[PDB]
Amino acid sequence: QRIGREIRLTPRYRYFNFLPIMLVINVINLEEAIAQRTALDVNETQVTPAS
Amino acid sequence: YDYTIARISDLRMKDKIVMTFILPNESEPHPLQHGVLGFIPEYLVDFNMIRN
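Protein chains in written order, with full-length UniProt numbering: chain W, 712 to 762; chain C, 660 to 711.
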């Protein structure tokens with residue numbers, strides 16, 4: 712029961728995937744590593760008598 | 660004193676006399692006008708409505 716001019720858009724498209732290969736990497740704790748100093752993972756290769 | 664006589668056919672004004680003070684030489688709003696007719700033009704609206 713009301714009058715108005717209306718404007719329309721109808722889109723037509725599609726995304727396809729061909730190559731079945733994917734490599735993704737994840738990076739975490741960047742802020743954590745920057746804020747807190749890290750220094751050396753050194754391990755004491757047990758020439759004290761435990762080995 | 661100058662006068663202007665106004666006549667009207669409406670019933671509820673039957674058998675009365677109403678008088679007031681009027682400025683005949685002015686056109687703009689002013690505290691010594693008895694009244695001003697607030698008027699803005701309006702124009703005809705013609706087009707088709709397919710309603711109901």
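For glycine and all other residues, C-beta sits at the position ideal for the given N, C-alpha and C.
Residue i in three-state terms, based on DSSP
i, result
"residue 734/W", "coil"
"residue 670/C", "helix"
"residue 741/W", "helix"
"residue 665/C", "coil"
"residue 746/W", "helix"
Cα-Cα separation between residue i and residue j, rounded to whole angstroms
i, j, result
"residue 758/W", "residue 733/W", "45 Å"
"residue 727/W", "residue 741/W", "34 Å"
"residue 693/C", "residue 664/C", "16 Å"
"residue 668/C", "residue 689/C", "30 Å"
"residue 660/C", "residue 681/C", "12 Å"
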